[PDB]
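Chemist: Here you go, one structure.
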Amino acid sequence: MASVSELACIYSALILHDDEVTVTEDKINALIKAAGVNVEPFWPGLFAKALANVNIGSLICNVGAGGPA
Amino acid sequence: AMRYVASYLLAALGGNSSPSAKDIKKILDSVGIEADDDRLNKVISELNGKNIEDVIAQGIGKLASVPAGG
């Protein structure tokens with residue numbers, strides 16, 4: 001599993017990609033608050049950073065792609 | 001590009017672990033994303049009875065409905 005925060009940010013970006021509408025920290029935050037599911041805020045930041053060019057499929061890697069420790 | 005699956009996941013992640021069409025409208029309404037009240041009730045209809053995290057924990061992409069081409 002992931003952290004529901006990370007995963008929540010994921011989904012906020014997901015809905016955003018369904019209309020492919022503007023990606024802002026406040027946009028993702030709006031999704032966050034709408035569902036009631038909070039994220040590690042650096043994610044909304046970095047998400048708004050990347051998702052304006054990258055794809056949601058990159059989130060599956062999240063610049064690490066680690067499994068065990 | 002995968003429809004209201006993600007909205008469903010959001011709602012289930014931090015509000016209701018069995019989201020409905022109205023919950024979808026909620027989530028997408030907050031950012032002004034348009035939705036058909038049957039389309040989401042349909043995605044939910046499919047989604048209903050799944051373990052959100054585990055679903056996406058190997059599926060951050062191609063959420064439920066994989067992009068329909070043609």
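Chain labels run A, B, ... following the order of the structure tokens; each chain numbers its residues from 1, and ligands are numbered from 1 in the order shown.
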Show me which bits of chain B are within 8 Å of chain A, counting only C-alpha atoms, as an NGL selection string.

Modeler: :B and (1-4 or 6-7 or 9-11 or 13-15 or 23 or 26-28 or 30-31 or 33 or 53-54 or 56-61)

Chemist: Restrict the selected residues to N, CA, C and O atoms and save them as an mmCIF file, in the first residue's frame.

Modeler:
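Output file selection23.cif is given in full below:
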data_model
loop_
_atom_site.group_PDB
_atom_site.id
_atom_site.type_symbol
_atom_site.label_atom_id
_atom_site.label_comp_id
_atom_site.auth_asym_id
_atom_site.auth_seq_id
_atom_site.Cartn_x
_atom_site.Cartn_y
_atom_site.Cartn_z
ATOM 1 N N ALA B 1 -8.983 11.099 -18.095
ATOM 2 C CA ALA B 1 -8.938 10.135 -19.217
ATOM 3 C C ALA B 1 -9.294 8.725 -18.750
ATOM 4 O O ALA B 1 -9.239 7.772 -19.528
ATOM 5 N N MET B 2 -9.667 8.600 -17.484
ATOM 6 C CA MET B 2 -10.002 7.305 -16.898
ATOM 7 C C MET B 2 -11.326 7.400 -16.156
ATOM 8 O O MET B 2 -11.827 6.411 -15.619
ATOM 9 N N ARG B 3 -11.866 8.618 -16.124
ATOM 10 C CA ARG B 3 -13.181 8.907 -15.568
ATOM 11 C C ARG B 3 -13.150 8.990 -14.045
ATOM 12 O O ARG B 3 -12.091 9.115 -13.427
ATOM 13 N N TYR B 4 -14.335 8.892 -13.461
ATOM 14 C CA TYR B 4 -14.592 9.278 -12.075
ATOM 15 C C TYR B 4 -14.015 8.288 -11.058
ATOM 16 O O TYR B 4 -14.248 8.421 -9.846
ATOM 17 N N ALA B 6 -11.040 8.003 -10.018
ATOM 18 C CA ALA B 6 -10.128 8.685 -9.130
ATOM 19 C C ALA B 6 -10.865 9.470 -8.057
ATOM 20 O O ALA B 6 -10.439 9.513 -6.902
ATOM 21 N N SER B 7 -11.967 10.097 -8.450
ATOM 22 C CA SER B 7 -12.792 10.846 -7.518
ATOM 23 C C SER B 7 -13.316 9.900 -6.443
ATOM 24 O O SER B 7 -13.375 10.236 -5.251
ATOM 25 N N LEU B 9 -11.888 7.077 -5.526
ATOM 26 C CA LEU B 9 -10.769 6.734 -4.678
ATOM 27 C C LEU B 9 -10.527 7.803 -3.615
ATOM 28 O O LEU B 9 -10.338 7.482 -2.445
ATOM 29 N N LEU B 10 -10.534 9.069 -4.030
ATOM 30 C CA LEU B 10 -10.347 10.189 -3.112
ATOM 31 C C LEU B 10 -11.343 10.120 -1.965
ATOM 32 O O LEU B 10 -10.966 10.100 -0.777
ATOM 33 N N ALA B 11 -12.622 10.075 -2.334
ATOM 34 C CA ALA B 11 -13.690 10.051 -1.353
ATOM 35 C C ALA B 11 -13.505 8.883 -0.396
ATOM 36 O O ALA B 11 -13.673 9.022 0.807
ATOM 37 N N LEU B 13 -10.741 7.402 0.256
ATOM 38 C CA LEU B 13 -9.470 7.496 0.934
ATOM 39 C C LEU B 13 -9.605 8.322 2.200
ATOM 40 O O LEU B 13 -9.024 7.983 3.234
ATOM 41 N N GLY B 14 -10.385 9.395 2.134
ATOM 42 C CA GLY B 14 -10.451 10.279 3.283
ATOM 43 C C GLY B 14 -11.829 10.819 3.601
ATOM 44 O O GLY B 14 -11.948 11.938 4.096
ATOM 45 N N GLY B 15 -12.873 10.046 3.353
ATOM 46 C CA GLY B 15 -14.196 10.508 3.711
ATOM 47 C C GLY B 15 -15.198 9.386 3.836
ATOM 48 O O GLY B 15 -15.945 9.312 4.811
ATOM 49 N N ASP B 23 -20.795 11.871 -4.160
ATOM 50 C CA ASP B 23 -19.477 12.130 -3.581
ATOM 51 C C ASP B 23 -18.524 12.523 -4.691
ATOM 52 O O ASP B 23 -17.660 13.385 -4.522
ATOM 53 N N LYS B 26 -19.311 16.059 -5.726
ATOM 54 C CA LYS B 26 -18.652 16.814 -4.726
ATOM 55 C C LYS B 26 -17.187 17.096 -5.064
ATOM 56 O O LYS B 26 -16.782 18.261 -5.259
ATOM 57 N N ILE B 27 -16.408 16.025 -5.144
ATOM 58 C CA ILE B 27 -14.975 16.142 -5.348
ATOM 59 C C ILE B 27 -14.655 16.934 -6.617
ATOM 60 O O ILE B 27 -13.831 17.843 -6.588
ATOM 61 N N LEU B 28 -15.329 16.633 -7.719
ATOM 62 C CA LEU B 28 -15.036 17.320 -8.972
ATOM 63 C C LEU B 28 -15.665 18.711 -9.019
ATOM 64 O O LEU B 28 -15.166 19.593 -9.716
ATOM 65 N N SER B 30 -15.742 20.816 -6.596
ATOM 66 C CA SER B 30 -14.835 21.715 -5.886
ATOM 67 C C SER B 30 -13.804 22.369 -6.826
ATOM 68 O O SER B 30 -13.362 23.494 -6.577
ATOM 69 N N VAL B 31 -13.424 21.673 -7.903
ATOM 70 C CA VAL B 31 -12.482 22.226 -8.881
ATOM 71 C C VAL B 31 -13.180 22.579 -10.193
ATOM 72 O O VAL B 31 -12.533 22.955 -11.171
ATOM 73 N N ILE B 33 -14.971 20.612 -12.243
ATOM 74 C CA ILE B 33 -14.924 19.593 -13.281
ATOM 75 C C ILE B 33 -16.322 19.033 -13.526
ATOM 76 O O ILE B 33 -17.024 18.683 -12.582
ATOM 77 N N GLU B 53 -7.120 1.619 -1.859
ATOM 78 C CA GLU B 53 -5.671 1.609 -1.800
ATOM 79 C C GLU B 53 -5.065 0.467 -2.588
ATOM 80 O O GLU B 53 -4.285 0.708 -3.485
ATOM 81 N N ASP B 54 -5.442 -0.763 -2.284
ATOM 82 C CA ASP B 54 -4.875 -1.917 -2.986
ATOM 83 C C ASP B 54 -5.098 -1.824 -4.493
ATOM 84 O O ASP B 54 -4.249 -2.260 -5.272
ATOM 85 N N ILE B 56 -5.250 0.941 -6.374
ATOM 86 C CA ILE B 56 -4.357 1.934 -6.958
ATOM 87 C C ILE B 56 -2.916 1.719 -6.525
ATOM 88 O O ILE B 56 -1.997 2.172 -7.184
ATOM 89 N N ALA B 57 -2.713 0.999 -5.439
ATOM 90 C CA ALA B 57 -1.371 0.722 -4.937
ATOM 91 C C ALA B 57 -0.522 0.027 -6.002
ATOM 92 O O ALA B 57 0.704 -0.015 -5.909
ATOM 93 N N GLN B 58 -1.192 -0.507 -7.018
ATOM 94 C CA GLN B 58 -0.531 -1.016 -8.205
ATOM 95 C C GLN B 58 -1.207 -0.457 -9.459
ATOM 96 O O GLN B 58 -1.166 -1.065 -10.527
ATOM 97 N N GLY B 59 -1.816 0.715 -9.317
ATOM 98 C CA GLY B 59 -2.631 1.270 -10.381
ATOM 99 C C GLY B 59 -2.854 2.776 -10.268
ATOM 100 O O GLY B 59 -3.986 3.236 -10.382
ATOM 101 N N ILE B 60 -1.783 3.538 -10.017
ATOM 102 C CA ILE B 60 -1.825 5.016 -10.060
ATOM 103 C C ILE B 60 -2.211 5.497 -11.478
ATOM 104 O O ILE B 60 -2.596 6.649 -11.692
ATOM 105 N N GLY B 61 -2.182 4.567 -12.426
ATOM 106 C CA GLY B 61 -2.492 4.871 -13.797
ATOM 107 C C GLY B 61 -3.423 3.826 -14.359
ATOM 108 O O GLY B 61 -3.537 2.740 -13.797
#

Chemist: Would you kindly return, as a PyMOL selection string, each protein, DNA or RNA residue with an atom no farther than 6 Å from any atom of residue B:21, considering only C-alpha atoms and excluding same-chain residues fewer than 3 positions away?

Modeler: chain B and resi 24+40-41

Chemist: For N, CA, C and O atoms, I'd like the residues from the last selection saved as a short mmCIF file (atom, residue, chain, number, x, y, z; two decimals), in the first residue's frame.

Modeler:
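Below you can see part-v7.cif, which holds the result:
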data_model
loop_
_atom_site.label_atom_id
_atom_site.label_comp_id
_atom_site.auth_asym_id
_atom_site.auth_seq_id
_atom_site.Cartn_x
_atom_site.Cartn_y
_atom_site.Cartn_z
N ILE B 24 -18.70 11.89 -5.84
CA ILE B 24 -17.91 12.21 -7.01
C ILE B 24 -18.17 13.64 -7.44
O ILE B 24 -17.24 14.41 -7.65
N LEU B 40 -20.73 8.67 -13.43
CA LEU B 40 -20.06 8.43 -12.16
C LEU B 40 -20.79 7.39 -11.33
O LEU B 40 -20.17 6.56 -10.69
N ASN B 41 -22.11 7.40 -11.38
CA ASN B 41 -22.87 6.40 -10.65
C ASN B 41 -22.55 5.02 -11.22
O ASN B 41 -22.62 4.01 -10.53
#

Chemist: What gap, in Å, lies between atom CA of residue A:43 and atom CA of residue A:62?

Modeler: 10.0 Å

Chemist: Which residues come within 9 Å of residue A:52, counting only C-alpha atoms, excluding same-chain residues fewer than 2 positions away, as JSON, numbers by chain?

Modeler: {"A": [22, 23, 24, 47, 48, 49, 50, 54, 55]}

Chemist: Set the distance at 7 Å and use only C-alpha atoms: which residues neighbour residue B:5 once local chain neighbours fewer than 5 positions away are removed? I'd like the list as number ranges by chain.

Modeler: B: 43, 63-64

Chemist: Write out as a VMD selection string the set of residues from chain A that DSSP, computed on the backbone, places in alpha helix (DSSP H).

Modeler: chain A and resid 4 to 19 25 to 35 42 to 50

Chemist: With C-alpha atoms retained, write the just-selected residues as a compact mmCIF listing (two decimals), in the first residue's frame.

Modeler:
# COMPACT_ATOMS: atom_id res chain seq x y z
CA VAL A 4 -3.24 7.58 1.84
CA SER A 5 -1.89 11.13 1.81
CA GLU A 6 0.38 10.42 -1.13
CA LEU A 7 -2.32 8.36 -2.79
CA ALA A 8 -4.83 11.18 -2.12
CA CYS A 9 -2.60 13.68 -3.87
CA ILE A 10 -2.36 11.14 -6.62
CA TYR A 11 -6.13 11.04 -7.03
CA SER A 12 -6.54 14.81 -6.84
CA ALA A 13 -4.13 14.93 -9.75
CA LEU A 14 -6.10 12.12 -11.33
CA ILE A 15 -9.42 14.05 -11.36
CA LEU A 16 -7.42 17.02 -12.60
CA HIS A 17 -6.21 14.83 -15.49
CA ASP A 18 -9.75 13.75 -16.31
CA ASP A 19 -10.52 17.19 -17.66
CA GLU A 25 -1.23 23.48 -5.38
CA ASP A 26 -4.53 25.12 -4.46
CA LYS A 27 -6.29 22.99 -7.09
CA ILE A 28 -5.00 19.77 -5.57
CA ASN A 29 -5.68 21.22 -2.12
CA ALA A 30 -9.26 21.85 -3.25
CA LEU A 31 -9.61 18.14 -4.14
CA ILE A 32 -7.94 17.26 -0.83
CA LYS A 33 -10.47 19.30 1.14
CA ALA A 34 -13.40 18.23 -1.04
CA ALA A 35 -12.86 14.57 -0.24
CA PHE A 42 5.29 18.86 -0.24
CA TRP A 43 3.42 16.47 -2.52
CA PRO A 44 0.72 19.04 -3.57
CA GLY A 45 3.64 21.38 -4.18
CA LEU A 46 5.82 18.94 -6.14
CA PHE A 47 2.73 17.54 -7.87
CA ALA A 48 1.71 20.97 -9.12
CA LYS A 49 5.33 21.33 -10.16
CA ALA A 50 5.49 18.15 -12.23

Chemist: What is the atom CA of residue B:25-atom CA of residue B:44 distance in Å, reported with one decimal?

Modeler: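 Computed distance, atom CA of residue B:25 to atom CA of residue B:44, equals 11.7 Å.
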
Chemist: Would you mind reading off the distance between atom CA of residue B:70 and atom CA of residue B:37, one decimal, in Å?

Modeler: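 Interatomic distance here is 23.3 Å.
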
Chemist: From the list B:52, B:67, B:62, B:8, which residue is nearest residue B:22 when using only C-alpha atoms?

Modeler: B:8
